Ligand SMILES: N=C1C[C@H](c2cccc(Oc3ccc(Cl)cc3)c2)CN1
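Given next, in structure tokens, is a single chain: the form deposited without this ligand.
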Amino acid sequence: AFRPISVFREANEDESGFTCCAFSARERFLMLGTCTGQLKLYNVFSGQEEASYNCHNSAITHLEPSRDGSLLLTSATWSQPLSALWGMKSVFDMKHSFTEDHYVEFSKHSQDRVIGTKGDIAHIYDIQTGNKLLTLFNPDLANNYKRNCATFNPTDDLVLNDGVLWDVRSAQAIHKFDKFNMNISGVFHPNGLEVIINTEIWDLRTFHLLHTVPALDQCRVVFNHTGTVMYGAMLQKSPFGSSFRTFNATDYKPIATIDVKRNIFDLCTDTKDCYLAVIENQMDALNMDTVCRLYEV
């Protein structure tokens, strides 16, 4: 099941403004972005705030800590810069920013690069210098996905941008996956063998269609750290509707559908994959008053 374990809100605020979340390196501590552009650290069990840092002058949409705990990526709604990289050792400080990229992710195997998305375009940056190494856009192969989000594969040698597979080393598009939907651009399966683009599962080796999974339509997906479970939530204000779905990552078979009966802002699992944190708005409320709910997987 998904048994509720605890709940908390942005402490001492009339309107709680949590917008996104990620577990930190420290087991019991969750990092939350807020609609006023702050980063908060909370104890997930006590529900108490520990620390607060100022990141952006607009709502944080998404954040990602590095695995080693030294770095954090944030993205905001209408700030300049839209995304930034923060150092978290010694003092919390901005290292580099990515002016117009509305989404950013670390590379996966070695976290020495950032990949940012601006519309149909990907930008790769060096973490050391902040320098833009590559711009990935091919007018002949573009799918023009409206919710494109560029990403590295597990070994960092490939990028998926706008449904196009790029070889990072040569900076060449090697394959365009055919377009089946208007919005979702896709992700790599952590197994390194498959690419999941909306409802279509493609083989990375042959570029053959392996499976169709209709329940993934319009979903953002995240895997548990172990790579055994895939979580998906349909995009619908709140980025998501009121439900998320789980699937077996080995065979794409549905496990569970959870309707939390409130709009979802974000979802994450801890490094040990024991707990799920979900940001939920207290259907289609104009009032912003989010809680973080912790669930047992």
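So that there is no doubt, residue numbering starts at 1 and follows the sequence shown.
Another form, the form deposited with this ligand bound, is not on view; read the next lines as being about it.
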Open or blocked, once this ligand is placed by superposing site C-alphas in the deposited complex (3+ ligand atoms within 2.4 Å of backbone or C-beta means blocked): open
Output flag, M31, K40 and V91 jointly within 4.5 Å of this ligand in the deposited complex, heavy atom basis: yes
Segment that reaches this ligand in the deposited complex - one of 107 to 115, 121 to 129, 91 to 99, 136 to 144, heavy atoms within 4.5 Å: 91 to 99
is_contact(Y53, this ligand) in the deposited complex, heavy atom dist at most 4.5 Å: yes
